[PDB]
Amino acid sequence: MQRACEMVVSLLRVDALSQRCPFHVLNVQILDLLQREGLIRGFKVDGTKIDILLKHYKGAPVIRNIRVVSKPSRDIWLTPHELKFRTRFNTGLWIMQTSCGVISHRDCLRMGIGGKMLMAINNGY
Amino acid sequence: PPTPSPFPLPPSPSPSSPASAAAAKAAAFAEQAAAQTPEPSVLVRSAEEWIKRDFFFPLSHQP
Amino acid sequence: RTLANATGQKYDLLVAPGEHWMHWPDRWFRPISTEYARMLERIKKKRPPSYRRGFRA
Amino acid sequence: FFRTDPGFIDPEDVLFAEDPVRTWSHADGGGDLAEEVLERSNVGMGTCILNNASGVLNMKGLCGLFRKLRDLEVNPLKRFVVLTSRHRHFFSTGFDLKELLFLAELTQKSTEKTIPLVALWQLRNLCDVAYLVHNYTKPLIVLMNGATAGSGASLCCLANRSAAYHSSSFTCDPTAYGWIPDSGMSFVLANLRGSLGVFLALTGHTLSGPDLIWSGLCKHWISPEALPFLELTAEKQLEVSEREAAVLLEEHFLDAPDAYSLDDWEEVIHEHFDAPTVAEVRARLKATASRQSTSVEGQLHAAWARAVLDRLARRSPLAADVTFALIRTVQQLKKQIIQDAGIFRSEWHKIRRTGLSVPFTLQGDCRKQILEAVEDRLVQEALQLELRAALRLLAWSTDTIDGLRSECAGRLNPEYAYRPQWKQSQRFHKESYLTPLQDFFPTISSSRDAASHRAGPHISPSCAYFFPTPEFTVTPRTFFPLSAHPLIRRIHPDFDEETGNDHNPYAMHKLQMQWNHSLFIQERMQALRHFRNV
Amino acid sequence: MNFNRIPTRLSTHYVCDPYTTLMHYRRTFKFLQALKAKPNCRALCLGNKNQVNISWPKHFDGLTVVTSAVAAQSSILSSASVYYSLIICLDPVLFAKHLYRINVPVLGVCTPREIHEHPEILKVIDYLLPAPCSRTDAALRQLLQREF
Amino acid sequence: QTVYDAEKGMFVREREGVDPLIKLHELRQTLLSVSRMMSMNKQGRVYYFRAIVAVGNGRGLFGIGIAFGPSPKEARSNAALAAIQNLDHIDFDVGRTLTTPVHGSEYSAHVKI
RNA sequence: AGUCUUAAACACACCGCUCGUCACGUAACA
RNA sequence: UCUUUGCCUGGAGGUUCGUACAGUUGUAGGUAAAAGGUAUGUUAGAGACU
RNA sequence: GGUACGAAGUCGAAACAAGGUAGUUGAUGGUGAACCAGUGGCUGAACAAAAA
């Protein structure tokens, strides 16, 4: 779980093209969801470290703000009816860790199952 | 009256990693039965049972 | 919206309008010009018109 | 030493060497690079890299390729899709011979010669991808960075915008393996200048370099170094209008050098390869070989006839008849479909140039429509007849089994390659291999259809679920993305008000099942166990 | 002789790559061809004093003389977007603070050495033009304009 | 070196270190504060005023300028000059609807919109 | 004598600034 | 970007094994500015020169 | 004995800047009041300061 929070520092760079990241089982699954939304150009497992590319548009990067909700020292859980109040009138991306794999916040409400808020992408206050 | 919507078949050539592909395939079947299995009265089962089910299975569409 | 949609390549539409920035009708393929001098040549080569899906045409 | 000396090399130039293959290290989800198809998230561009162990294009690769092509084409942001490969000195092999060996023994094992469901499932898939690239609504840029072996150029020749370079080759020798060209390869060969395709197919002459673009196969000479640069300046393509986008892409095309090996030999091929019958041209070549060699011109012609005959004598006589009959059949159609309209030689030349440049005037724009209309009809006929001869040959020709094994075993080492005897030449009607076939139950008219032909091979009952008819038809694929919200469905063109949906659930249910590798594996495995056990 | 530190890492320059120059000229030619077609078009050739090979006039239109008092990054070519329509700067490094918010296209011609060391010039320059041999712009443009 | 202003009809300085292309009849100014400073010399004390005037179009433009002057009236005019020369574009939605709420900081401050 | 460099707890700027013992008066912890 | 230990809340103040062991910032009479610092000026029995 | 506040007189020139001949600190000695002598540590340290 500790290695998951170490990906925000590397992926949050302006003047860079590719950054390394420690190899982890959970980290690989997270990158898949981000690529679908069009946030990561691509990634490759280089053995002990994973090389992840950075996407840019008109100079500025596609990622501008990263918020870590879940931490190794504690665990944030929200009911299906409570996640909607938290996440409303926004374009942000919340990573939800449900029993049936990992999915975004939009899919969590559709199934109505209780997920787990891991991190936030392109989120304001 | 209810209106069950059809669910598309999962794609076999999924580009995701093997760990995520297996989870996604299983989750598709759960959604199909979620909307076709009305739940019983709350009083049937214990309180404890309800809490575990909410965090293990999706929510039915016919309460 | 115009910023996120360009990079997000996903539905980033509002609630009131419907598909204003993403909808790009092919205005250079369907409304292509056609002259009466070359129309007779394409009648015998194209599929004959046998359909019923348009009344206001 | 001096900078102006002939044998001068800059030390800095050799220090910045890079591997072109390593440029595609990053790909889509999945750290282990083993997927048959890859994709890179770009802005206004769709990347597609074909990576495989040996460039074997099996059913697994087609399933992924069709999904990515449709997903990118429907997206309005992606104004064009680029295709490329990743193998070293290789390209898409196009259904290698290893897959065909299993389909032959299994089909010929039974006495009734009933084609299994697996055999037809794979063949029909090859036609869908071939038609999509030709009928693409957006530009399709592709480059042949590797060498092509056998019938594997269908993914570049049929593309809307084909390109080539020095590191490219063209090889097509179907007669050696005793197989009919698949993936609609006859359409390109019959559209070449003169009877060039006939000579390139029967003899299997290899071509590489600028000759490919000059012959007529390709139409561009873009360098490989251009593809990576397109991914860096793709954000400025959406600002301009649709017409202005194509103009910018023209800055990457270079000029062609003055070089051609068949400059003077083209006239000989047309003069010789002109008889409608295979047996007739045999005497023509033999007569030239015995011709009295005189002067300078006669010496070159005498040797040409003697060398070409040696190659045709080491192939399958039956295979050569099938390919020649089909290639010439579609070719003769162009001489009648276009002549009946009342077109002249001068007018046709201008229409051909419409594909090499974007029209701007009203007069120029109209000419492009004529080329698109005839091209769409020719490909449909070529593909329809190609499938008819493929199924009958596998169920009747018995010599095809030896050829498949000889080439498959010879790939590992030449020592394992053996030349089979094929079979003695025999006269044929060259009409039974192009007969229509249907599967219809009504038979109150004294066996009106009775399966394929009146007494031809029949199909398995299980093939009546996905494909109601064995003929290759065209499906009305949509051109806009779908949606679930009621507000968005009203914007889709194909949205009927009698149901509130933009698609037919019944029709789409079968489409997804067809393009499914998981379902195909179970069906293929069941057939293999039955063959091995009994 | 030299007693300083010897560098080890060699940085590569992709902006002035030999292949990249192919598209640079092709794209630049299209812009100039369309501009010259219109009537009443004037250009500006801004250089440096060290450029002796390039002749210069006495007076320069649009030049503003200011004093040291209250001169917090004053824009010299503020009024140079009325009479002119295209400026071809030869020393982007020196003319970097004035062309930050200029309302005219800047056809700067820099060198790989300055671009790598001073990337800030990329934002002010709109159309980038290569410079073979990258030594002195005074004798560089003369050869191009006197080819054959 | 003058520009007409047809409904007022009076001479106005055109250039004066200002871009003439930009219309001056479409922008607005808002006085923030007029601070005062102190300077020491060999004889006594010297005071010079200052002001911070923000100039920007109310459609898609914004800008802040700062300068100094001997008197409050002169300081205001000088401060406005810098705002014009430092005009920057914003990324605003067509629909007049933001996506997410932004937050801002410099030392103790917080400006939540 | 006029400048330059450095230091400063002063800037009504060295007639600056500031501390301690003792003497008298008013109070809370006694 | 993440794990764990320790510590502080303006400045400021206290009676006039048994005399051993352990333990301590805090229940006031009073006050509204103590203080880090970029720059200018001034002073300097502190260094240099027209 | 010691401490707070108000007013304000006498006796001294400790801190500032090397004039008190550097000056705060841990533990002692001494002196009407600035505090002073010695050892340890620190700079919150001033002046001076290399070719064959």
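Analysis parameters
Residues numbered from 1 in each chain as written, not as in the entry; some residues may be left out. Chains lettered and ligands numbered in written order. Part of a larger assembly, values for the part shown. Heavy atoms only, no water. Residues with missing side-chain atoms left out of burial classes, pairs and counts. Helix = DSSP H or I, 4+ residues; strand = E, 2+ residues; numbered from the N terminus. Rg over C-alpha atoms; globule rule 2.2 N^0.38 Å. Buried < 20%, exposed > 50% of the residue type's maximum accessible area, 1.4 Å probe, protein only. Areas by Shrake-Rupley, 256 points an atom, 1.4 Å probe, with all protein chains shown as cover. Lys, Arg positive; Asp, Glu negative; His and termini not counted. Charge placed at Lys NZ, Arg CZ, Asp CG, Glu CD. Arc of directions from axis to C-beta. Contact = heavy atoms within 4.5 Å. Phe/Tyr/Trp six-rings, centres within 6.5 Å; stacked < 30°, edge-to-face > 60°. Polar contact = N/O pair within 3.5 Å; in protein donor to acceptor, adjacent residues only side chain to side chain. Pairing = 2+ DSSP bridges. Axes fitted to C-alpha atoms, helices over the stretch in contact; angles between N-to-C directions. Near = heavy atom within 4 Å. Nonpolar A, V, L, I, M, F, W, Y, C, P; charged D, E, K, R; others polar. Salt bridge = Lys/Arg side-chain N within 4 Å of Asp/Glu carboxyl O. Parallel < 35°, antiparallel > 145°, perpendicular 65-115°, else oblique. 1 Å grid on protein atoms, 1.4 Å probe; cavity = no way out; pocket = protein on both sides within 12 Å on 5 of 7 lines; lining within 4 Å. Points joined across faces, edges and corners; volume = space filled by probe spheres on them. Buried area = accessible area lost by both parts, 1.4 Å probe.

Method information in the entry identifies cryo-EM as the source of the structure, with 3.29 Å recorded as the resolution.

The title field of the PDB entry reads "SSU(body) structure derived from the SSU sample of the mitoribosome from T. gondii".

Engineer: Just checking my understanding: could you explain the overall build of chain B for this structure?
Structural biologist: When helices and strands are counted, chain B shows 2 helices and 0 strands. Against the 2.2 N^0.38 benchmark of 11 Å for 63 residues, chain B shows a C-alpha radius of gyration of 15 Å, more extended than a compact globule. Projected onto the principal axes, the alpha-carbon positions of chain B cover approximately 45 × 30 × 10 Å. A burial count over chain B gives 21% of its 63 residues as buried. Within the structure as shown, chain B displays about 4600 Å² of accessible surface, and the carbon and sulfur contribution to it stands at 66%. Here chain B holds 4 positive side-chain charges and 5 negative ones, and the gap between their average locations is 7 Å.

Engineer: Is there a simple way to explain helix α11 (residues 242-249) of chain D in this structure?
Structural biologist: Helical geometry note: an α-helix holds 3.6 residues per turn, so side chains three or four residues apart project in the same direction. All of the buried residues in α11 of chain D are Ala 245, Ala 246, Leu 248 and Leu 249 of chain D. Down the axis, α11 of chain D shows its buried residues gathered within 160° of arc, on one side only. On its buried side, α11 of chain D packs onto β4 (161-163) and α10 (226-230) of chain D together with α1 (20-37) of chain E.

Engineer: Just checking my understanding: could you explain the packing of aromatic side chains for this structure?
Structural biologist: How two aromatic rings sit relative to each other is given by the distance of their centres and the angle of their planes. Under the counting rule described, the total for this entry stands at 14 aromatic pairs over all chains. When the ring of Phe 66 of chain D is compared with that of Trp 515 of chain D, the centres are 4.2 Å apart and the planes differ by 15°; the resulting orientation is stacked. Of this pair, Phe 66 of chain D sits in helix α2 (residues 59-74) while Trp 515 of chain D sits in the loop between α20 (505-514) and α21 (517-533), placing them 449 residues apart in sequence. With a relative accessible area of 11%, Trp 515 of chain D lands in the buried category. Summarising the aromatic geometry, the rings of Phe 31 of chain E and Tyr 127 of chain E are spaced 4.9 Å apart at their centres and angled 10° between planes, so their arrangement reads as stacked. Placement of the pair is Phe 31 of chain E in helix α1 and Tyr 127 of chain E in the loop between α3 (121-124) and α4 (137-145), with a sequence separation of 96 residues. In this structure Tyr 127 of chain E comes out as partly exposed when scored by relative accessible area, which is 30%.

Engineer: Explain the side chain of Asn 51 of chain D to me, please; I cannot follow it from the model alone.
Structural biologist: Residue and element names in this part refer to chain D. With respect to the secondary-structure elements, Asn 51 resides in the loop between β1 (49-50) and α2. By relative accessible area, which is 10% here, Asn 51 ends up buried. A distance of 3.4 Å separates a polar atom in the side chain of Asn 51 from a polar atom in the side chain of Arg 86. Look past the residues within four positions of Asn 51 in its chain and what remains in contact with it is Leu 33, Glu 35, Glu 36, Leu 38 and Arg 86.

Engineer: Quick question: what am I supposed to make of the sheet that holds strand β1 (residues 18-22) of chain A here?
Structural biologist: Sheet strands associate in pairs through backbone hydrogen bonding, adopting either a parallel or an antiparallel arrangement. All names here are of chain A. Here 3 strands make up an open sheet; going across it, the order is β1-β3-β2 and the pairing antiparallel. At either end of the open sheet lies a strand with only one pairing partner, and these are β1 and β2 (43-45). On average, adjacent strands in this sheet sit at an angle of 20° to one another, irrespective of strand direction.

Engineer: What's the story with the protein's contact with RNA strand H in this structure? I'm lost.
Structural biologist: With respect to spatial proximity, the complete set of residues near RNA strand H consists of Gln 2, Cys 5, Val 8, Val 9, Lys 71, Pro 72 and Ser 73 of chain A together with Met 40, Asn 41 and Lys 42 of chain F. Sugar and phosphate atoms form 94% of the subset of RNA strand H atoms that lie within 4 Å of the protein. At a separation of 3.1 Å, a phosphate oxygen of RNA strand H approaches a polar side-chain atom of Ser 73 of chain A. One nitrogen or oxygen atom from the main chain of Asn 41 of chain F is found 2.9 Å from a sugar or linking oxygen belonging to RNA strand H. When its residues are assigned to classes, the surface near RNA strand H shows 5 nonpolar, 3 polar and 2 charged.

Engineer: Before we go on, may I ask you to explain the pattern of salt bridges in this structure?
Structural biologist: It is possible for side chains bearing opposite charge to pair when their charged atoms get close. All chains considered together, the criterion is met by 29 salt bridges over all chains. A salt bridge links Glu 35 of chain C to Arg 38 of chain C, with the nearest nitrogen and oxygen atoms 3.1 Å apart. Overall, the relative accessible area of 28% leaves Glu 35 of chain C in the partly exposed class. Here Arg 38 of chain C falls in the buried class, since its relative accessible area comes to 13%. Measuring nitrogen to oxygen at the nearest pair gives 3.4 Å for the salt bridge that ties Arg 40 of chain D to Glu 231 of chain D. Of this pair, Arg 40 of chain D sits in the loop between α1 (11-15) and β1 while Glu 231 of chain D sits in the loop between α10 and α11, and the two are 191 residues apart along the sequence. Residues participating in the shared-partner salt-bridge network are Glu 35 and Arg 38 of chain C together with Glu 347 and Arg 367 of chain D.

Engineer: Is there a simple way to think about the packing of helix α2 (residues 36-43) of chain C against helix α17 (residues 362-396) of chain D in this case?
Structural biologist: Between two packed helices, the angle of one axis relative to the other and the distance separating the axes together describe the packing. It is at 11 Å that the axes of α2 of chain C and α17 of chain D come closest, and there the two elements cross at 5°. It follows from the interaxial angle that α2 of chain C and α17 of chain D lie roughly parallel. Each of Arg 38, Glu 41 and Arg 42 of chain C in α2 of chain C lies in contact with α17 of chain D, whose residues at this interface are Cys 366, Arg 367, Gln 369, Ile 370 and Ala 373 of chain D. Its residues assigned to classes, the contact of α2 of chain C with α17 of chain D comprises 3 nonpolar, 1 polar and 4 charged.

Engineer: Would you mind showing me how to read empty space enclosed by the protein here?
Structural biologist: Take a probe with the size of a water molecule and roll it over the atoms, and the empty space left behind shows itself. Residue and element names in this part refer to chain D. The volume enclosed by the largest cavity comes to roughly 400 Å³. Taken together, 29 residues make up the lining of the largest cavity; nearest its centre are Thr 93, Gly 94, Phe 95, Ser 151 and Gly 152. For the lining of the largest cavity, the secondary-structure elements that each account for two or more residues are α2, α3 (97-109), α4 (117-134), α5 (154-157) and α6 (174-177). For the lining of the largest cavity, the leading source of residues is α4, giving 3 residues. Here the residues of the lining of the largest cavity are counted per class, giving 17 nonpolar, 8 polar and 4 charged. Space inside the second largest cavity adds up to approximately 160 Å³. Lining the second largest cavity are 17 residues, with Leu 50, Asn 51, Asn 52, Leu 57 and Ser 92 positioned closest to its centre. Among the elements that take part in the lining of the second largest cavity, strand β2 (residues 81-85) stands out by supplying 3 residues, more than any other. For the lining of the second largest cavity, the class distribution of residues is 7 nonpolar, 9 polar and 1 charged.

Engineer: How should I be thinking about the interface of chain D and chain B in this particular structure?
Structural biologist: Reports often express the size of an interface as the amount of accessible area lost when the parts come together. Every contact between the two is made by 14 residues of chain D and, on the other side, 9 residues of chain B. At the boundary of chain D with chain B, total buried surface from both sides reaches about 920 Å², with 55% on carbon and sulfur atoms. Our count for the contact surface shared by chain D and chain B stands at 0 salt bridges. Our count for the chain D to chain B interface comes out at 1 residue pair in polar contact. When residues of the side of chain D that touches chain B are traced back to their parent elements, those giving at least two are α2, α20 and α21 of chain D. Among the elements that make up the side of chain D that touches chain B, the one with the highest residue count is α2 of chain D (4 residues). Here the residues of the side of chain D that touches chain B sort into 2 nonpolar, 8 polar and 4 charged.

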